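Visitor: So I've got this file, target.tsv, and it contains TSV, C-alpha atoms and all ligand atoms:
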chain	number	residue	atom	x	y	z
A	5	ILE	CA	134.61	-137.67	-57.20
A	6	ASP	CA	133.48	-140.03	-54.47
A	7	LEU	CA	132.55	-139.92	-50.76
A	8	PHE	CA	136.28	-139.78	-49.84
A	9	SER	CA	137.23	-136.89	-52.21
A	10	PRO	CA	137.99	-133.47	-50.57
A	11	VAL	CA	135.58	-130.60	-51.25
A	12	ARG	CA	135.38	-126.86	-50.67
A	13	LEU	CA	132.50	-125.75	-48.47
A	14	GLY	CA	132.17	-121.98	-48.12
A	15	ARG	CA	135.34	-120.79	-46.33
A	16	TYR	CA	136.61	-124.33	-45.58
A	17	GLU	CA	138.51	-127.12	-47.28
A	18	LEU	CA	136.97	-130.37	-46.09
A	19	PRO	CA	138.85	-133.70	-46.31
A	20	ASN	CA	135.84	-135.72	-47.54
A	21	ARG	CA	132.24	-135.32	-48.72
A	22	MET	CA	130.57	-137.13	-45.85
A	23	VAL	CA	128.42	-135.00	-43.51
A	24	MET	CA	127.04	-136.02	-40.17
A	25	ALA	CA	123.38	-135.00	-40.58
A	26	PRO	CA	121.73	-132.97	-37.80
A	27	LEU	CA	120.30	-135.39	-35.29
A	28	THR	CA	118.12	-134.59	-32.30
A	29	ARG	CA	119.23	-136.90	-29.43
A	30	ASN	CA	117.45	-135.27	-26.42
A	31	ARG	CA	120.56	-135.47	-24.15
A	32	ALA	CA	120.97	-131.87	-22.95
A	33	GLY	CA	121.73	-130.98	-19.30
A	34	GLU	CA	120.02	-128.53	-16.92
A	35	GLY	CA	118.62	-125.43	-18.60
A	36	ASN	CA	119.06	-127.04	-22.03
A	37	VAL	CA	122.80	-126.63	-21.72
A	38	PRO	CA	125.14	-129.05	-23.60
A	39	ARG	CA	127.31	-131.17	-21.37
A	40	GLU	CA	130.52	-133.17	-21.41
A	41	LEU	CA	128.73	-136.32	-22.68
A	42	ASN	CA	127.51	-134.42	-25.76
A	43	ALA	CA	131.07	-133.21	-26.44
A	44	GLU	CA	132.30	-136.83	-26.30
A	45	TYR	CA	129.63	-137.85	-28.74
A	46	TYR	CA	130.46	-135.24	-31.40
A	47	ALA	CA	134.20	-135.83	-30.87
A	48	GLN	CA	133.79	-139.53	-31.70
A	49	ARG	CA	132.38	-138.45	-35.10
A	50	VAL	CA	135.06	-135.93	-36.20
A	51	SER	CA	136.04	-138.01	-39.19
A	52	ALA	CA	132.96	-136.58	-40.95
A	53	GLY	CA	134.09	-133.87	-43.33
A	54	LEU	CA	131.45	-131.64	-41.61
A	55	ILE	CA	129.26	-132.23	-38.56
A	56	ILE	CA	125.90	-130.42	-38.28
A	57	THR	CA	124.62	-130.31	-34.70
A	58	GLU	CA	121.26	-131.51	-33.55
A	59	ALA	CA	118.58	-128.87	-33.96
A	60	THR	CA	119.14	-126.28	-31.27
A	61	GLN	CA	116.37	-123.83	-30.22
A	62	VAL	CA	116.96	-120.09	-30.51
A	63	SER	CA	114.54	-119.42	-27.59
A	64	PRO	CA	112.48	-121.27	-24.97
A	65	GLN	CA	109.49	-120.35	-27.15
A	66	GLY	CA	111.13	-122.34	-29.97
A	67	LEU	CA	111.48	-125.68	-28.14
A	68	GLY	CA	109.21	-128.66	-28.76
A	69	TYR	CA	110.76	-131.79	-27.29
A	70	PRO	CA	112.38	-132.81	-23.95
A	71	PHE	CA	116.08	-132.20	-23.25
A	72	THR	CA	117.02	-130.44	-26.49
A	73	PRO	CA	119.88	-127.91	-26.22
A	74	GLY	CA	119.41	-124.17	-26.81
A	75	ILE	CA	121.65	-121.33	-28.04
A	76	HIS	CA	119.92	-118.35	-26.43
A	77	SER	CA	121.66	-118.22	-23.00
A	78	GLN	CA	125.28	-117.53	-21.93
A	79	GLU	CA	125.24	-120.88	-20.02
A	80	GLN	CA	124.30	-122.61	-23.26
A	81	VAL	CA	127.14	-120.77	-25.08
A	82	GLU	CA	129.60	-122.13	-22.49
A	83	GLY	CA	128.16	-125.69	-22.76
A	84	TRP	CA	128.53	-125.62	-26.57
A	85	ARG	CA	132.11	-124.43	-26.17
A	86	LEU	CA	132.82	-127.89	-24.71
A	87	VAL	CA	131.62	-129.37	-27.98
A	88	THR	CA	133.42	-126.95	-30.31
A	89	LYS	CA	136.68	-127.36	-28.38
A	90	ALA	CA	136.42	-131.18	-28.43
A	91	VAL	CA	135.76	-131.22	-32.18
A	92	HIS	CA	138.46	-128.66	-32.99
A	93	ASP	CA	141.03	-130.46	-30.83
A	94	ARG	CA	140.67	-133.39	-33.26
A	95	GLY	CA	140.69	-131.14	-36.33
A	96	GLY	CA	136.95	-131.40	-37.24
A	97	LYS	CA	134.43	-128.87	-38.59
A	98	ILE	CA	131.03	-128.22	-37.00
A	99	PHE	CA	128.04	-126.05	-37.79
A	100	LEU	CA	125.23	-125.42	-35.28
A	101	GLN	CA	121.64	-126.01	-36.58
A	102	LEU	CA	119.47	-123.00	-35.53
A	103	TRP	CA	115.96	-124.15	-34.61
A	104	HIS	CA	112.45	-122.90	-33.84
A	105	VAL	CA	109.71	-125.54	-33.64
A	106	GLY	CA	106.79	-123.10	-34.12
A	107	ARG	CA	103.49	-125.02	-33.59
A	108	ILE	CA	105.29	-128.41	-33.01
A	109	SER	CA	105.32	-128.00	-29.24
A	110	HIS	CA	102.86	-127.96	-26.37
A	111	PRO	CA	101.89	-125.56	-23.50
A	112	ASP	CA	103.51	-128.04	-21.05
A	113	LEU	CA	106.91	-127.45	-22.74
A	114	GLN	CA	106.28	-123.70	-22.71
A	115	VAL	CA	107.04	-121.32	-19.92
A	116	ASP	CA	103.85	-120.47	-17.88
A	117	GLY	CA	101.83	-122.62	-20.29
A	118	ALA	CA	102.11	-120.10	-23.16
A	119	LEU	CA	100.66	-121.37	-26.45
A	120	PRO	CA	103.22	-122.31	-29.09
A	121	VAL	CA	103.52	-119.74	-31.84
A	122	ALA	CA	103.02	-120.19	-35.58
A	123	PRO	CA	102.18	-118.28	-38.74
A	124	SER	CA	98.48	-119.17	-38.25
A	125	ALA	CA	96.22	-120.59	-35.55
A	126	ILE	CA	96.10	-124.08	-37.19
A	127	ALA	CA	97.03	-127.18	-35.26
A	128	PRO	CA	98.99	-129.97	-37.04
A	129	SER	CA	96.38	-132.46	-38.33
A	130	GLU	CA	98.60	-135.46	-37.54
A	131	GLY	CA	100.83	-136.62	-34.70
A	132	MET	CA	101.14	-135.73	-31.00
A	133	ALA	CA	103.24	-133.34	-28.98
A	134	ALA	CA	106.21	-134.88	-27.07
A	135	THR	CA	105.98	-133.51	-23.53
A	136	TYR	CA	108.02	-134.43	-20.48
A	137	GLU	CA	105.01	-136.48	-19.22
A	138	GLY	CA	104.52	-138.30	-22.54
A	139	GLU	CA	102.62	-137.79	-25.76
A	140	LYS	CA	99.73	-135.31	-25.68
A	141	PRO	CA	97.44	-133.93	-28.44
A	142	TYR	CA	98.64	-130.71	-30.06
A	143	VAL	CA	96.77	-127.55	-29.18
A	144	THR	CA	96.06	-124.84	-31.67
A	145	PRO	CA	99.02	-122.42	-31.68
A	146	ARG	CA	98.84	-118.64	-31.39
A	147	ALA	CA	99.26	-116.74	-34.68
A	148	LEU	CA	102.21	-114.29	-34.48
A	149	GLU	CA	101.29	-110.69	-34.76
A	150	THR	CA	102.83	-108.81	-37.66
A	151	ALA	CA	104.87	-106.66	-35.18
A	152	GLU	CA	106.17	-109.90	-33.56
A	153	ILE	CA	107.98	-110.96	-36.75
A	154	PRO	CA	111.02	-108.70	-36.03
A	155	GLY	CA	111.33	-110.48	-32.64
A	156	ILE	CA	111.53	-113.83	-34.40
A	157	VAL	CA	114.25	-112.55	-36.70
A	158	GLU	CA	116.08	-111.24	-33.63
A	159	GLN	CA	115.91	-114.67	-31.94
A	160	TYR	CA	117.77	-116.08	-34.97
A	161	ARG	CA	120.19	-113.11	-35.12
A	162	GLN	CA	121.10	-113.44	-31.41
A	163	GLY	CA	121.31	-117.26	-31.65
A	164	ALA	CA	123.67	-116.87	-34.63
A	165	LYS	CA	125.81	-114.38	-32.58
A	166	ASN	CA	125.79	-116.88	-29.62
A	167	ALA	CA	126.89	-119.71	-31.93
A	168	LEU	CA	129.70	-117.50	-33.18
A	169	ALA	CA	130.81	-116.76	-29.59
A	170	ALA	CA	130.69	-120.51	-28.83
A	171	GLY	CA	133.35	-121.19	-31.53
A	172	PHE	CA	131.34	-122.91	-34.29
A	173	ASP	CA	132.62	-122.97	-37.86
A	174	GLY	CA	129.25	-121.79	-39.07
A	175	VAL	CA	125.47	-122.23	-38.74
A	176	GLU	CA	122.70	-124.04	-40.58
A	177	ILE	CA	119.23	-122.47	-40.64
A	178	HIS	CA	116.68	-125.24	-40.11
A	179	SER	CA	113.94	-124.43	-42.63
A	180	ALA	CA	112.83	-128.03	-42.96
A	181	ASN	CA	110.74	-130.83	-41.44
A	182	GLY	CA	107.62	-128.79	-40.65
A	183	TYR	CA	109.14	-126.41	-38.10
A	184	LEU	CA	108.43	-122.64	-37.78
A	185	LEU	CA	110.08	-121.48	-41.09
A	186	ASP	CA	108.60	-124.40	-42.97
A	187	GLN	CA	105.19	-123.64	-41.45
A	188	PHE	CA	105.50	-120.15	-43.00
A	189	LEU	CA	106.43	-121.61	-46.33
A	190	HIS	CA	103.40	-123.97	-46.72
A	191	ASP	CA	99.97	-122.54	-47.63
A	192	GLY	CA	98.27	-125.36	-45.59
A	193	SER	CA	99.84	-124.07	-42.37
A	194	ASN	CA	100.19	-120.35	-43.34
A	195	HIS	CA	96.89	-118.50	-43.95
A	196	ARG	CA	98.25	-115.08	-43.14
A	197	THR	CA	97.07	-111.99	-44.99
A	198	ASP	CA	99.96	-109.63	-44.11
A	199	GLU	CA	103.28	-109.55	-45.97
A	200	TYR	CA	104.24	-112.99	-44.53
A	201	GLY	CA	101.37	-114.91	-46.16
A	202	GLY	CA	99.45	-115.11	-49.41
A	203	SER	CA	101.88	-115.07	-52.33
A	204	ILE	CA	104.77	-117.51	-52.58
A	205	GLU	CA	107.13	-114.54	-52.18
A	206	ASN	CA	105.37	-113.56	-48.96
A	207	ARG	CA	105.36	-117.15	-47.52
A	208	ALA	CA	109.15	-117.27	-48.20
A	209	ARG	CA	109.76	-113.79	-46.71
A	210	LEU	CA	110.50	-114.87	-43.09
A	211	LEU	CA	113.07	-117.41	-44.31
A	212	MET	CA	114.72	-114.69	-46.49
A	213	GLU	CA	114.79	-112.20	-43.56
A	214	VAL	CA	116.19	-114.83	-41.16
A	215	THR	CA	118.84	-115.80	-43.72
A	216	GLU	CA	119.82	-112.18	-44.32
A	217	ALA	CA	120.14	-111.55	-40.53
A	218	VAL	CA	122.21	-114.73	-39.99
A	219	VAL	CA	124.50	-113.96	-42.94
A	220	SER	CA	125.13	-110.49	-41.57
A	221	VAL	CA	126.48	-112.04	-38.36
A	222	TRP	CA	128.63	-114.84	-39.84
A	223	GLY	CA	129.49	-114.08	-43.45
A	224	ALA	CA	127.54	-116.01	-46.14
A	225	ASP	CA	130.40	-118.55	-46.58
A	226	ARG	CA	129.76	-119.79	-43.01
A	227	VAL	CA	125.93	-120.15	-43.43
A	228	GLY	CA	123.82	-123.01	-44.81
A	229	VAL	CA	120.04	-123.53	-45.19
A	230	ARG	CA	118.20	-126.94	-45.01
A	231	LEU	CA	114.76	-127.44	-46.69
A	232	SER	CA	112.38	-130.37	-47.50
A	233	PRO	CA	110.59	-129.93	-50.90
A	234	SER	CA	109.02	-133.44	-50.59
A	235	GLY	CA	108.94	-133.14	-46.76
A	236	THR	CA	105.40	-133.47	-45.30
A	237	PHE	CA	106.53	-134.21	-41.70
A	238	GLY	CA	104.72	-131.87	-39.25
A	239	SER	CA	101.35	-131.84	-41.09
A	240	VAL	CA	102.69	-129.28	-43.65
A	241	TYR	CA	101.04	-129.34	-47.14
A	242	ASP	CA	100.96	-126.85	-50.08
A	243	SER	CA	98.98	-126.51	-53.37
A	244	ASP	CA	102.12	-126.15	-55.57
A	245	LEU	CA	105.05	-127.58	-53.51
A	246	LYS	CA	107.27	-127.61	-56.67
A	247	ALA	CA	106.77	-123.91	-57.65
A	248	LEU	CA	106.93	-122.84	-53.95
A	249	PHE	CA	110.32	-124.62	-53.52
A	250	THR	CA	111.32	-123.62	-57.11
A	251	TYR	CA	111.29	-119.90	-56.10
A	252	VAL	CA	112.66	-120.46	-52.54
A	253	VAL	CA	115.68	-122.35	-54.02
A	254	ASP	CA	116.05	-119.60	-56.70
A	255	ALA	CA	115.89	-116.91	-53.95
A	256	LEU	CA	118.67	-118.45	-52.02
A	257	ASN	CA	121.18	-117.97	-55.02
A	258	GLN	CA	121.30	-114.20	-54.20
A	259	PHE	CA	122.57	-114.93	-50.63
A	260	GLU	CA	125.50	-117.10	-51.87
A	261	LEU	CA	125.43	-119.27	-48.67
A	262	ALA	CA	128.11	-121.94	-47.96
A	263	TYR	CA	125.53	-124.57	-49.00
A	264	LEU	CA	121.93	-125.60	-49.45
A	265	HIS	CA	121.09	-128.85	-47.64
A	266	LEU	CA	118.22	-130.85	-49.08
A	267	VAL	CA	116.25	-133.71	-47.60
A	268	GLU	CA	115.56	-136.00	-50.58
A	269	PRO	CA	112.14	-137.60	-51.31
A	281	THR	CA	108.07	-140.69	-56.01
A	282	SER	CA	108.29	-136.85	-55.87
A	283	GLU	CA	110.28	-135.01	-58.57
A	284	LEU	CA	111.69	-132.60	-56.00
A	285	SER	CA	115.06	-134.28	-55.62
A	286	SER	CA	118.60	-132.85	-56.01
A	287	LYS	CA	118.41	-133.92	-59.66
A	288	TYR	CA	115.58	-131.35	-60.07
A	289	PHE	CA	117.21	-128.63	-57.96
A	290	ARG	CA	120.79	-128.96	-59.30
A	291	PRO	CA	120.20	-126.63	-62.32
A	292	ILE	CA	118.14	-124.24	-60.10
A	293	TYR	CA	120.55	-123.81	-57.16
A	294	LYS	CA	123.91	-122.27	-58.08
A	295	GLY	CA	126.09	-123.14	-55.04
A	296	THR	CA	127.11	-126.21	-53.08
A	297	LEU	CA	124.48	-128.92	-52.44
A	298	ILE	CA	124.36	-131.30	-49.53
A	299	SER	CA	121.98	-134.24	-50.09
A	300	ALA	CA	120.46	-136.29	-47.24
A	301	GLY	CA	118.06	-139.21	-46.74
A	302	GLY	CA	118.35	-142.98	-47.00
A	303	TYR	CA	121.86	-143.13	-48.37
A	304	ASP	CA	124.32	-146.01	-48.02
A	305	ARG	CA	127.85	-146.28	-49.30
A	306	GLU	CA	126.75	-147.32	-52.82
A	307	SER	CA	124.04	-144.68	-53.20
A	308	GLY	CA	126.20	-141.93	-51.69
A	309	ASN	CA	128.95	-142.54	-54.21
A	310	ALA	CA	126.30	-142.72	-56.97
A	311	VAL	CA	124.77	-139.30	-56.25
A	312	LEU	CA	128.25	-137.78	-56.25
A	313	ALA	CA	128.97	-139.56	-59.57
A	314	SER	CA	125.71	-138.16	-61.01
A	315	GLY	CA	126.83	-134.56	-60.29
A	316	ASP	CA	123.48	-133.81	-58.61
A	317	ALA	CA	124.96	-133.21	-55.12
A	318	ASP	CA	128.40	-132.14	-53.76
A	319	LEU	CA	128.24	-133.75	-50.27
A	320	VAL	CA	126.18	-136.57	-48.81
A	321	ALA	CA	124.80	-136.46	-45.33
A	322	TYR	CA	124.25	-139.54	-43.19
A	323	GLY	CA	122.03	-139.70	-40.11
A	324	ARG	CA	121.17	-143.08	-38.69
A	325	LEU	CA	124.42	-144.74	-39.85
A	326	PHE	CA	126.42	-142.01	-38.05
A	327	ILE	CA	124.45	-142.75	-34.79
A	328	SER	CA	125.75	-146.35	-34.75
A	329	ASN	CA	129.08	-145.92	-36.63
A	330	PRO	CA	131.19	-143.04	-35.30
A	331	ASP	CA	133.88	-143.93	-37.84
A	332	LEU	CA	131.47	-144.34	-40.78
A	333	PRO	CA	133.98	-142.84	-43.30
A	334	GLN	CA	136.68	-145.40	-42.46
A	335	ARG	CA	134.15	-148.26	-42.47
A	336	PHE	CA	133.00	-147.16	-45.92
A	337	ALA	CA	136.58	-146.83	-47.15
A	338	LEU	CA	137.56	-150.37	-46.06
A	339	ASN	CA	134.18	-151.82	-47.15
A	340	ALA	CA	133.77	-152.98	-43.49
A	341	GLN	CA	130.54	-154.17	-41.85
A	342	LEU	CA	128.61	-151.58	-39.87
A	343	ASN	CA	127.26	-151.70	-36.33
A	344	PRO	CA	123.43	-152.07	-36.24
A	345	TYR	CA	121.59	-148.99	-34.98
A	346	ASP	CA	119.11	-149.19	-32.11
A	347	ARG	CA	116.21	-146.85	-32.84
A	348	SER	CA	115.00	-147.32	-29.27
A	349	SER	CA	117.83	-145.05	-27.96
A	350	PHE	CA	117.74	-142.38	-30.67
A	351	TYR	CA	115.67	-139.92	-28.61
A	352	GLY	CA	116.49	-139.44	-24.96
A	353	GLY	CA	118.31	-141.42	-22.31
A	354	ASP	CA	121.95	-141.52	-21.27
A	355	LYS	CA	125.32	-142.75	-22.64
A	356	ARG	CA	123.72	-146.02	-23.86
A	357	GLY	CA	123.05	-145.98	-27.61
A	358	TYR	CA	124.83	-142.57	-27.72
A	359	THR	CA	128.55	-142.78	-26.91
A	360	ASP	CA	128.92	-146.53	-26.61
A	361	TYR	CA	128.83	-147.57	-30.27
A	362	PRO	CA	132.38	-148.69	-31.12
A	363	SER	CA	134.76	-147.71	-33.91
A	364	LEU	CA	136.59	-150.50	-35.75
A	365	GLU	CA	139.23	-152.64	-34.03
A	401	LIG	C1	117.02	-139.68	-34.57
A	401	LIG	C2	116.95	-138.58	-35.62
A	401	LIG	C3	117.02	-137.20	-35.27
A	401	LIG	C4	116.95	-136.24	-36.25
A	401	LIG	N1	116.97	-134.94	-35.86
A	401	LIG	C5	117.14	-133.99	-36.84
A	401	LIG	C6	117.35	-132.57	-36.52
A	401	LIG	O1	117.66	-132.25	-35.36
A	401	LIG	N2	117.39	-131.69	-37.53
A	401	LIG	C7	117.12	-131.99	-38.83
A	401	LIG	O2	117.13	-131.12	-39.70
A	401	LIG	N3	116.86	-133.26	-39.14
A	401	LIG	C8	116.89	-134.26	-38.21
A	401	LIG	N4	116.76	-135.62	-38.62
A	401	LIG	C9	116.74	-135.94	-40.06
A	401	LIG	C10	118.20	-136.28	-40.42
A	401	LIG	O3	119.03	-135.06	-40.40
A	401	LIG	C11	118.49	-136.94	-41.75
A	401	LIG	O4	117.96	-136.20	-42.76
A	401	LIG	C12	118.21	-138.41	-41.88
A	401	LIG	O5	118.61	-139.05	-40.68
A	401	LIG	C13	119.07	-138.83	-43.10
A	401	LIG	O6	118.60	-140.01	-43.43
A	401	LIG	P1	119.36	-141.31	-42.94
A	401	LIG	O7	119.12	-141.57	-41.45
A	401	LIG	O8	118.70	-142.36	-43.78
A	401	LIG	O9	120.84	-141.04	-43.22
A	401	LIG	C14	116.78	-136.65	-37.67
A	401	LIG	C15	116.69	-137.98	-37.98
A	401	LIG	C16	116.77	-138.96	-36.99
A	401	LIG	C17	116.63	-140.43	-37.34
Using the file provided, produce a representation of the structure as structure tokens.
Guide:
Amino acid sequence: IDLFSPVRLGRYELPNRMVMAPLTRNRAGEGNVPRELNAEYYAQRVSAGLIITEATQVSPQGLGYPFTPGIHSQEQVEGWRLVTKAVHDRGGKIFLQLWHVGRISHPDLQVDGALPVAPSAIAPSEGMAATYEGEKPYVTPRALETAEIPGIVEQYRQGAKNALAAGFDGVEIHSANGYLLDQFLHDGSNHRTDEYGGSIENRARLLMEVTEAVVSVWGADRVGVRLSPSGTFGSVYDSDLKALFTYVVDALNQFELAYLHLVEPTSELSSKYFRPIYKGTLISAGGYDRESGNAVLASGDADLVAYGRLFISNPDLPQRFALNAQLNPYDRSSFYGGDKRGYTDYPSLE
């Protein structure tokens, strides 16, 4: 098995084991609606065995950065249909990454200056909010009421139904990188004393409920979950990160989702640790190249290998890797925001 070998992923037969990782690009149109430029971009990358979209908010409440697309409105459904059609016209597979930023936002990004919501009224210790005006200090978020938790689950349920209507092949639940679900999981960011805080089971409960709701919409073989055991991004810490992720990964084996997507870490909490704990398909991401991607597949510790930055600058990464060709350099300055430049103008091979 290598990067070029076919693989089964839930209800699909993919032609290779290379995944385009989810990548926020901040290039949405009016009302956070995807646009023709975004469809071009994903279409250029269809040689990935599977594309995961940029994180996509399930509500205005759940947005935390400028110009990110949503999946809550009919207009957004119709914008994403541009993307699904473009990808499917070229025979590719695409899953939409369902997002809620939780506390990683700012009143200036919120309608009417509402506080961001979170498991607890605890600001991130580190970093700054990314507002339309520039960076600003985070404010303390508002703790969700217990009777608000159903509403959160419904945002994910409706966003999953909207993705389905838009023509995606599936969805990925973003439970990584210090966003709302991950803020629930960590006991440094979750100090609740209802059934969504306290024990590890309780801190994992919102993720389990969201996953159950999303599976009911799509079928489990069209649903993935992404987590970050060694992920501290978003000022998210926990006393026993291992045990916490050891039960969360063991609780996802009862949902039988298409895959579990892990951000790799040095911390023990790699795919080598989780392989005997998870019982499905594993996608591994973070810092891979061609050599290291083949290696992790050779080791048996992961089934697919996701690539982020190299997919930004190499739309035909799989062919470049096959032919041992040189890659285009990536320009970090145009990762987040802007126009076609550093987005759709990186060339495939001649
Ligand atoms: C510009 C950029 C945007 C990203 N946005 C997302 C996102 O929307 N959702 C997510 O789960 N991770 C996001 N990530 C993390 C990547 O999915 C991925 O794990 C990382 O890029 C893989 O490492 P690599 O770039 O070394 O391949 C982002 C990373 C970068 C550099």
Visitor: What residues of the protein or nucleic acid chains come within 9 Å of ligand LIG 401 (chain A) when you use all atoms listed in the file? Reply as an MDAnalysis selection string.
Guide: chainID A and resid 24:29 56:60 101 103 177:181 230:231 266:268 299:304 320:327 347 349:351
Visitor: Rounded to one decimal in Å, what is the spacing between CA of residue 364 (chain A) and CA of residue 99 (chain A)?
Guide: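 Answer for the CA of residue 364 (chain A) to CA of residue 99 (chain A) separation: 26.0 Å.
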Visitor: Which residues, written as number ranges by chain, have at least one atom at most 12 Å from region 128-143 of chain A, with all atoms listed in the file counted and residues fewer than 2 positions away on the same chain left out?
Guide: A: 30, 67-72, 105-114, 117-122, 124-126, 145-146, 182-184, 187, 192-194, 236-241, 351-352
Visitor: Do you have the CA of residue 261 (chain A)-CA of residue 290 (chain A) distance handy?
Guide: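 The value is 15.1 Å.
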Visitor: Applying 6 Å and all atoms listed in the file, which residues near residue 123 (chain A) remain after dropping the ones on its own chain fewer than 5 positions away? List them as a list in words.
Guide: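 The residues that qualify are residues 147, 148, 188 and 194 of chain A.
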Visitor: Counting all atoms listed in the file, figure out which residue out of A:208, A:245, A:298, A:32 gets nearest to residue 282 (chain A).
Guide: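 Closest candidate: A:245.
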Visitor: Once 5 Å is added on each side, what centre and edge lengths in Å to one decimal does the axis-aligned box around all listed atoms of region 240-244 of chain A have, as lines of an AutoDock Vina configuration file?
Guide:
center_x = 100.8
center_y = -127.7
center_z = -49.6
size_x = 13.7
size_y = 13.2
size_z = 21.9
Visitor: Show which residues sit within 10 Å of residue 225 (chain A), as a list in words. Count only C-alpha atoms, and ignore same-chain residues fewer than 2 positions away.
Guide: residues 13, 14, 15, 16, 174, 175, 219, 222, 223, 227, 228, 259, 260, 261, 262 and 263 of chain A
Visitor: Those same residues - C-alpha atoms - I'd like them written as a compact mmCIF listing (two decimals), in the coordinates of the input.
Guide:
# COMPACT_ATOMS: atom_id res chain seq x y z
CA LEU A 13 132.50 -125.75 -48.47
CA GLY A 14 132.17 -121.98 -48.12
CA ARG A 15 135.34 -120.79 -46.33
CA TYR A 16 136.61 -124.33 -45.58
CA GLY A 174 129.25 -121.79 -39.07
CA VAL A 175 125.47 -122.23 -38.74
CA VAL A 219 124.50 -113.96 -42.94
CA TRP A 222 128.63 -114.84 -39.84
CA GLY A 223 129.49 -114.08 -43.45
CA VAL A 227 125.93 -120.15 -43.43
CA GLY A 228 123.82 -123.01 -44.81
CA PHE A 259 122.57 -114.93 -50.63
CA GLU A 260 125.50 -117.10 -51.87
CA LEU A 261 125.43 -119.27 -48.67
CA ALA A 262 128.11 -121.94 -47.96
CA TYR A 263 125.53 -124.57 -49.00
Visitor: How many Å lie between CA of residue 170 (chain A) and CA of residue 265 (chain A), rounded to one decimal?
Guide: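 Taking CA of residue 170 (chain A) and CA of residue 265 (chain A), their separation equals 22.7 Å.
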Visitor: From the options A:293, A:84, A:160, A:46, which residue's atoms come nearest to residue 250 (chain A), counting only C-alpha atoms?
Guide: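 Of all the options, A:293 lies closest to residue 250 (chain A).
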Visitor: Can you pull out the residues contacting residue 151 (chain A)? Cut-off 12 Å, using all atoms listed in the file, and skip same-chain residues under 4 positions away; I want them as a CSV table (one decimal) with C-alpha atoms, in the frame of the given file.
Guide:
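As a result, around_15.csv now contains:
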chain,number,residue,atom,x,y,z
A,147,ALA,CA,99.3,-116.7,-34.7
A,155,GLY,CA,111.3,-110.5,-32.6
A,156,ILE,CA,111.5,-113.8,-34.4
A,157,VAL,CA,114.2,-112.6,-36.7
A,198,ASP,CA,100.0,-109.6,-44.1
A,199,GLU,CA,103.3,-109.6,-46.0
A,200,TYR,CA,104.2,-113.0,-44.5
Visitor: Write out as a PyMOL selection string the residues lying within 10 Å of residue 169 (chain A), counting all atoms listed in the file and excluding same-chain residues fewer than 3 positions away.
Guide: chain A and resi 78+81-82+84-85+163-166+172
Visitor: Please, which residues are within 10 Å of (129.7, -144.9, -35.6) by the file's coordinates, counting all atoms listed in the file, and could they come as a ChimeraX atom specification?
Guide: /A:45,48-49,324-335,342-345,358-364
Visitor: So that I have them on file, write out the residues from the current selection with C-alpha atoms, as a PDB file, in the frame of the given file.
Guide:
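File written: again_35.pdb
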ATOM      1  CA  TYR A  45     129.630-137.850 -28.740  1.00  0.00           C
ATOM      2  CA  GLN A  48     133.790-139.530 -31.700  1.00  0.00           C
ATOM      3  CA  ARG A  49     132.380-138.450 -35.100  1.00  0.00           C
ATOM      4  CA  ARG A 324     121.170-143.080 -38.690  1.00  0.00           C
ATOM      5  CA  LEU A 325     124.420-144.740 -39.850  1.00  0.00           C
ATOM      6  CA  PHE A 326     126.420-142.010 -38.050  1.00  0.00           C
ATOM      7  CA  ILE A 327     124.450-142.750 -34.790  1.00  0.00           C
ATOM      8  CA  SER A 328     125.750-146.350 -34.750  1.00  0.00           C
ATOM      9  CA  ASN A 329     129.080-145.920 -36.630  1.00  0.00           C
ATOM     10  CA  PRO A 330     131.190-143.040 -35.300  1.00  0.00           C
ATOM     11  CA  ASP A 331     133.880-143.930 -37.840  1.00  0.00           C
ATOM     12  CA  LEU A 332     131.470-144.340 -40.780  1.00  0.00           C
ATOM     13  CA  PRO A 333     133.980-142.840 -43.300  1.00  0.00           C
ATOM     14  CA  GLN A 334     136.680-145.400 -42.460  1.00  0.00           C
ATOM     15  CA  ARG A 335     134.150-148.260 -42.470  1.00  0.00           C
ATOM     16  CA  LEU A 342     128.610-151.580 -39.870  1.00  0.00           C
ATOM     17  CA  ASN A 343     127.260-151.700 -36.330  1.00  0.00           C
ATOM     18  CA  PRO A 344     123.430-152.070 -36.240  1.00  0.00           C
ATOM     19  CA  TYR A 345     121.590-148.990 -34.980  1.00  0.00           C
ATOM     20  CA  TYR A 358     124.830-142.570 -27.720  1.00  0.00           C
ATOM     21  CA  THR A 359     128.550-142.780 -26.910  1.00  0.00           C
ATOM     22  CA  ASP A 360     128.920-146.530 -26.610  1.00  0.00           C
ATOM     23  CA  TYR A 361     128.830-147.570 -30.270  1.00  0.00           C
ATOM     24  CA  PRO A 362     132.380-148.690 -31.120  1.00  0.00           C
ATOM     25  CA  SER A 363     134.760-147.710 -33.910  1.00  0.00           C
ATOM     26  CA  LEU A 364     136.590-150.500 -35.750  1.00  0.00           C
TER      27      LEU A 364
END
Visitor: With only C-alpha atoms as the atoms that count, which of A:215, A:232, A:51, A:197 lies nearest to residue 98 (chain A)?
Guide: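 Selected residue with least distance to residue 98 (chain A): A:51.
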Visitor: Counting only C-alpha atoms, which residue out of A:62, A:284, A:211, A:218 sits closest to residue 234 (chain A)?
Guide: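 Residue with the minimum atom-to-atom distance to residue 234 (chain A): A:284.
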